[PDB]
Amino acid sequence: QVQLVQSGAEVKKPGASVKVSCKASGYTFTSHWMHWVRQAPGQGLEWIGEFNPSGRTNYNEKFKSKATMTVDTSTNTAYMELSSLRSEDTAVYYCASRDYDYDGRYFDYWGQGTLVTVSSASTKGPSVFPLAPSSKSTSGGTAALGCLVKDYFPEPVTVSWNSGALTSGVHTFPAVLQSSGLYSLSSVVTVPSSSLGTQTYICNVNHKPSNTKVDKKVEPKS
């Protein structure tokens, strides 16, 4: 399968610079343009520009002063660099490619996006606490359990259950911003209450801005 893998989310100080990377796998990608797109939180899509490896670059006029696109031909990695960062640069940045290949098949591929947060505040990894199943979780032969993911900065956190093996009945809620200036979210899952004695439930919490991954086993309390 063909994949574009981007560098992880990062907090950066105002005035500083950041360099997002986009790594291409499964396709040659030498003779195709690489697009960069931004999406401010809760906003629409804006095209930043395009880069040709085989070595021209076309820029959107608005992003001429702020962005620089480069590539590393040996590693299959496209780079986009944002200079003199301000609060208005806080956005998900995507790499994308759309074209015909050698065989004349039409493709469109996107990276997973990179949330650059511009803030003076330092990164902080989450504290993870269980949301234990109980008699107050039994509704009709099924029980709810979860993980509380507290006091991180910045966004985002991703959560999986049992390393991705548990997907059904999972709800991971949007983060709330707390009075302290730190984010908190919960992730929950409904399971059979007959599984509680035998099945193991672990939430896998990833927070790339602080380079932190936390696994937390969620058990019924004694």
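All residue numbers are counted from 1 along the displayed sequence.
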Please say, as none, 1 to 3, 4 to 9, or 10 or more, how many residues of the deposited sequence are without coordinates in the interval between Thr167 and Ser168.
none
Avg C-alpha B-factor, entry values, 76-84 vs 132-140, higher side is 132-140
Entry B factor averaged over C-alpha atoms, 58-66 against 39-47: higher for 58-66
Please pick out which of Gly181, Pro174, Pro154, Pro53 has the largest Cα B-factor as recorded in the entry.
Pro53
Report the option among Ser160, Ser186, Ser31, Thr190 whose CA atom has the maximum B-factor in the deposited record.
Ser31
Position of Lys150 among the chain's modelled residues by C-alpha B-factor, lowest, middle or highest third:
lowest
Chain thirds of CA B-factor: placement of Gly104
highest
Entry-reported C-alpha B-factor of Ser120 relative to its chain, by third, is highest
Cα B factor band for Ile202 (lowest, middle or highest third within the chain):
lowest
According to the PDB entry, is the CA B factor of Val218 in the bottom, middle or top third of its chain, that is, lowest, middle or highest?
lowest
